[PDB]
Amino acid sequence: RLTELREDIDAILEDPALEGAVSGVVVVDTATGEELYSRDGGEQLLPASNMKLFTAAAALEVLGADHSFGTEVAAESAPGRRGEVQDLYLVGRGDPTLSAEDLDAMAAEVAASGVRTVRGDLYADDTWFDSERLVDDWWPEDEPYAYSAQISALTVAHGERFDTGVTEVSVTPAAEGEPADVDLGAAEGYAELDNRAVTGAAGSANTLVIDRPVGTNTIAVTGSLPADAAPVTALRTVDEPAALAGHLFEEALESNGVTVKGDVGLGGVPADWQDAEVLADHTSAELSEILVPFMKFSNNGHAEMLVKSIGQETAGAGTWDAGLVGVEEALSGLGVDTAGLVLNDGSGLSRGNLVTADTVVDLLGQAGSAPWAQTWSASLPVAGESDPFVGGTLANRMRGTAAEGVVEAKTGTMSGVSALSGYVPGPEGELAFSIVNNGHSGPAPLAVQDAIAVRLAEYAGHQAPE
């Protein structure tokens, strides 16, 4: 095809959805190196979550595909005869998957290694990273939601998708007139609850709202929920994620016969502790396994944690500023030319980011030529696949088309921003593309993205199913 394929994409790209918008669309054969389509490939645009590609590759570079994260528990000395200690520390070192059950097993160890009592205070130590909890230009009004999760070294991850810094809020109706039962889940007895919610008559106005008023650690429920309606689970953030982890760990300890007589709160392992006793430790799966629930579902926590991890590796500075310089650096070292990159964050959430479709495709190029390449591939959503962990953010797109089970792309979405970028493998060769829609006045031009994606899939020796 080539110029015929060009014509096909030229046709797609006029669509009345893309009215008033800029679009970096770039296609390259991995093998031939040749450029197969270009348009505004050098234009600066916000990537939203496509930023994640840059973060993922950097992290792979700087930490290696087999890097593992640690949590541990420490006291100044071994427990004393009746099984006692003074202060006690739960210490995060950036594990983006540390779970309530992981906490449990660590508690069980503290018991197993002799401790009957924490006769002083328990600290949640998250100082491996700085404590700047949110990016300069993140929007305040987003904060209660999961994707705006606070960023902290010590952070508990909820459910199999390892969403950090949240709690699940359960809202279950009673009967018409009667109020509704609200659970804060993991955050119970950590965050405040202000339940003004009320079950309404069956099949009526659903007007429920689960909020955390800016600057507070209070879950505000308000509005109505119909009696016949199904129970609403809902993911919501909390302030100081390490304090929550502290609280959960108190719960864990007491639940393993370890009494905690003092306060729970934030604290760093003191410098005057030269022979600290590591009573318990946990180790996350290596970075390879972590990239999946990260990239599949586009997890902001993980991204921004890895930036601060890149920060700690290259500079010993668990900080966006260093993490970010260590991102630019990593990439330059990968062959990627970063002239057009503007880094504000690692997830894409920052409006302050900028990219170009060549900078993307460049990166895609350099990535498939890598010791890690394979694990990089394993992270990206694969179109039209039911199983959330295969489909990721593309599970419900390009179904029953050439691209289904073929195209390896990464999504990026925001009020005025869309993006699709990855690999089109197949019989007639591998292929690499970037489509970065920006400023479109309506809904995210997903039809265009998908229509182009299928085009390439056919171009690779695939057929639409029947």
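Note that residue numbering follows the sequence shown and begins at 1. In this text, the rigid core denotes the largest set of C-alpha atoms whose superposition between the two forms falls within 1.5 Å.
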ask   = Out of 172-180 and 373-381, which shows the greater rigid core-aligned C-alpha deviation in 9 other deposited structures of this protein?
value = 172-180
Which of 335-343 and 222-230 strays further in 9 other deposited structures of this protein - Cα RMS after rigid core alignment = 222-230
inquiry  = Going by the mean C-alpha B-factor recorded in the entry, which is higher: 382-390 or 318-326?
reply    = 382-390
task = Could you check which stretch, 180-188 or 79-87, carries the larger mean CA temperature factor in the entry?
result = 79-87
task = Determine which member of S68, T411, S434, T55 has the highest CA B-factor, using the values in the deposited entry.
result = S434
query = If you compare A285, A124, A112, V355, which has the highest Cα B-factor in the entry?
reply = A112
request  = Using the B-factor values recorded in the entry, state whether the Cα atom of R116 falls in the lowest, middle or highest third among the modelled residues of its chain.
outcome  = highest
key: Chain-relative CA temperature factor third for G265   = middle
ask   = Comparing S441 with the other modelled residues of its chain, is its CA B-factor in the lowest, middle or highest third?
value = highest
message = Quick check on the deposited entry: does the C-alpha B-factor of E289 sit in the lowest, middle or highest third of its chain?
response = middle
key: Where the record places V73 (Cα B-factor, split into thirds across the chain)   = middle
